[PDB]
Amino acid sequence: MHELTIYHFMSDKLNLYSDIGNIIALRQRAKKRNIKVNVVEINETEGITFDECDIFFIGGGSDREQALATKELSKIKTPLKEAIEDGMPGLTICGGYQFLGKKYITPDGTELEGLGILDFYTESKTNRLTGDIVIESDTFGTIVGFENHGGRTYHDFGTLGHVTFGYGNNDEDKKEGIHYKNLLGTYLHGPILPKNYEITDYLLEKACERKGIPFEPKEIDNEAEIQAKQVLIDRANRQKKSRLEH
């Protein structure tokens, strides 16, 4: 049977609600395309290669967990970079996204080192960017979720799209996340994939193309996903009219 392997990095954390739902969403959209998903949890990285990897995933944890995860991930920084440069699809969430960069600065000014896969940095404040977020993307259609992060990320790469409601990476850009080759990074909760099937299908379709297996049928039932998105789109719209009428 056609199969895709997901490398789930650093799943040893106190909580992984975001992690699990994203994995569920990928498994189920692939199953509808007659593709079985194999999840490999990787917490010891020594001698790990990306030859058996189709998609990787790095979630977020506490600042302690993230610093530990980064020290372990740095033992394979060079294969990961080469994998990404080769087009390896990947999804990274919050701290997993931030620590692909060069540094993460805490509110109290402490500089934490990231992997340096990409040349950017993140600066956190005490006042958080929090609320509903609605993004309009050409690749991922309408992306919807919840953001709640102190970190402001400043990078010069492509993103998941323009933010029509909420903040995204920082206070000013009105752009969310990162999209570099097939590597995705985001601050969105929900977790991001259950409602945002175009993102899920993106990662699976790039993986199928790279492996030489079909991704079919391309168009399936998205009604439940659409109805869940529409609740936040409508609420976001109600919230805008309230400010314009203020």
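Throughout, we count residues from 1 along the sequence that is shown.
Participant: On average, are the C-alpha B-factors higher in 235 to 243 or in 1 to 9?
Facilitator: Per the deposited B-factors, the answer is 235 to 243.
Participant: Averaging the C-alpha B factors as listed in the entry, name the stretch that ends up higher: 171 to 179 or 74 to 82.
Facilitator: For C-alpha atoms only, the mean B-factor is higher in 74 to 82.
Participant: For the listed 149, 155, 103, 162, which has the peak Cα B-factor recorded in the PDB entry?
Facilitator: So the option with the highest C-alpha B-factor is 103.
Participant: Determine which member of 208, 26, 69, 192 has the highest CA B-factor, using the values in the deposited entry.
Facilitator: Comparing C-alpha B-factors across 208, 26, 69, 192, the maximum falls on 69.
Participant: Quick check on the deposited entry: does the C-alpha B-factor of residue 185 sit in the lowest, middle or highest third of its chain?
Facilitator: For residue 185, the deposited C-alpha B-factor lands in the lowest third.
Participant: Where does residue 48 sit by CA temperature factor within its chain: lowest, middle or highest third?
Facilitator: Its C-alpha B-factor belongs to the highest third of this chain's values.
Participant: Ranking the modelled residues of this chain by C-alpha B-factor as given in the entry, is residue 30 in the lowest, middle or highest third?
Facilitator: Its C-alpha B-factor, which the entry lists for residue 30, ranks in the lowest third among residues of this chain.
Participant: Which third, lowest, middle or highest, does the CA B-factor of residue 201 fall in along this chain?
Facilitator: Tercile = lowest for this residue's CA B-factor.
Participant: Within this chain's modelled residues, let me know which third the CA B factor of residue 39 belongs to: lowest, middle or highest.
Facilitator: It belongs to the middle third of the chain when residues are ordered by C-alpha B-factor.
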